[PDB]
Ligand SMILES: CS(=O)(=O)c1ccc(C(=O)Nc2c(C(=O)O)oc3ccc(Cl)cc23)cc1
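Given as structure tokens, the chain that follows is alone and in the form solved without this ligand.
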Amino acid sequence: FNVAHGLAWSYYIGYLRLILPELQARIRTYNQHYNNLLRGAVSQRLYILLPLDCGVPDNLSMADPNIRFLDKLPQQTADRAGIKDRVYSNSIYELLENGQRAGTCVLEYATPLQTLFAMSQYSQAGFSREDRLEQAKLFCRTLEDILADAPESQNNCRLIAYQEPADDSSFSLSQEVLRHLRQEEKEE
């Protein structure tokens, strides 16, 4: 089956569509209340790590020690049937560079990529572990094309797609994330 397509659409409809519009105000609140001082500096976008290899560790610090958990973005509450006042969780990380706090932003993996990885295990899934990669590529794809026409995506988030070279492991996830942050500084 072609799943990447459906998961991208479920992802947007049940999450991005809902949270992105109310996202920036939530960021602003954290900044005002927590400091309105010192670093503040929480970036204004939702950052979605897109590991093409579909490897998604539950603790972000594990993938890279330089990615440190700061706080949790103030809850969002919504009556998502049948649930009442259903909580939506985002986590705030600060990226370290040579022991220096280089940036602070709302950051997270794309769960759909993780589910994709898990699905290949199951017999009835039924898409081979081989198809994990193309499925991964189709996902980031569909999202871009979805977010392109997203009235909500008034540049509220930035996708971060990456694959780590097979031969060498000199890849720094924090570095990848920092690039986008800095670039958007020159951009913004």
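Each residue number is its position in the shown sequence, starting from 1.
The same protein has a further form, the form deposited with this ligand bound, not shown here; the description that follows concerns it.
- Though the partner is left out of this view, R39 does not reach within 4.5 Å of this ligand in the entry with it bound, counting heavy atoms only.
- Residue contact check for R129: none of its heavy atoms lie within 4.5 Å of this ligand in the entry with it bound.
- Of the heavy atoms in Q75, some are within 4.5 Å of this ligand in the entry with it bound.
- Using a 4.5 angstroms limit between non-hydrogen atoms, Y47 is distant from this ligand in the entry with it bound.
- Only one of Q163, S61, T29, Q154 lies close to this ligand in the entry with it bound, with a heavy atom inside 4.5 Å, and it is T29.
- Within 4.5 angstroms of this ligand in the entry with it bound, the stretch 33-66 places a non-hydrogen atom from each of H33, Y34, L37, taken in sequence order.
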